[PDB]
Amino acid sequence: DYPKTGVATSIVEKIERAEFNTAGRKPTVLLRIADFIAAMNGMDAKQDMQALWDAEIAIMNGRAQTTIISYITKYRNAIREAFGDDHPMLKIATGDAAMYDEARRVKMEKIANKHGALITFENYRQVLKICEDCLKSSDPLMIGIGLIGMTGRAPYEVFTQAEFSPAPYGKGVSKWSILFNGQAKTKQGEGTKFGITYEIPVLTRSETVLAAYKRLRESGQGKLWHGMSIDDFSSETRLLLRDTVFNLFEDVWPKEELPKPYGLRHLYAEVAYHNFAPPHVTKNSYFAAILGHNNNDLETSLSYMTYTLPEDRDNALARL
């Protein structure tokens, strides 16, 4: 209760921008958050805080649990922005503890189901070739896609904040590996890849990737993308990227699902493990190494194992 007044400038600016729009939805949630932070101003009693949060929770009732959790993240971030990390509301404005447990349960359950039913990525070579061809395109979006397919970085990392640099092999450059900076979703942890330049494998010669990236950065849309926030990047590119991926790998992607930009990261993991993995490491370890995870974290890699390579599928049936 040290600060009793505050303003979440993010939401407010997002509303002022949306005051004059040609079309689209009405920012109802942003409005509820704004009115929330507004009502929070001047409060010193915690019972009324609890009542406010009880009503606000009572609002988003007939919705999805994931949606509710995400919205709670929104509210909490708004509170942190407006007042600070010392406000009692942060201990009040949180989700029911039995909700997060159900979430975790469902998550690990899904992963477990995916691990018992791997998808055979039969035409993966064609996809890799498609990305490699996108590496030589003049459309920055395409170059971005191909970069996702080849270096395996996330769309946010690739389009907004990647720094690929030549990796030395003793003396000269490495043909099948580059350097990378910086990782996303790290939240600035002690043992995360925050501000860490580490070596990653690539699925085509390093000169080609470096060239395509150098072209990507110096473009107009590339400059428009650099340093962008996640919401900005979303509203700017998300649907276009989605439909371009939709149209690209239309008839070469596994029939069990639809082409999504993040599948290229999974395929990157599987293939680079299939080609470059040393004999004294496990799959989880190599995955954690090349994907850049928290220190001593091998469970996050479990979410990246959903595909199975045709050759493995073949020689596994060789035991007949």
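Note that residue numbering follows the sequence shown and begins at 1.
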* Asked: Taking only the CA atoms, which stretch has the higher mean B-factor in the record, 295 to 303 or 13 to 21?
  -> 13 to 21
* Which has higher Cα B-factors on average according to the PDB entry: 142 to 150 or 216 to 224? -> 216 to 224
* Structure fact -> From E207, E157, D101, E199, the top C-alpha temperature factor is at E207
* Taking the values straight from the PDB record, which of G191, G116, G95, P168 has the highest C-alpha temperature factor? -> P168
* By its CA B factor, does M108 count among the lowest, middle or highest third of the modelled residues in the chain? -> lowest
* **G263 CA temperature factor, ranked by third within the chain** => lowest
* Chain third (lowest, middle, highest) by recorded CA B-factor, residue given as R76 -> lowest
* Asked: Going by what the PDB entry lists, where does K185 fall on CA B-factor within its chain: lowest, middle or highest third?
  -> lowest
* Looking at the C-alpha B-factor of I59, is it in the lowest, middle or highest third of its chain? -> highest
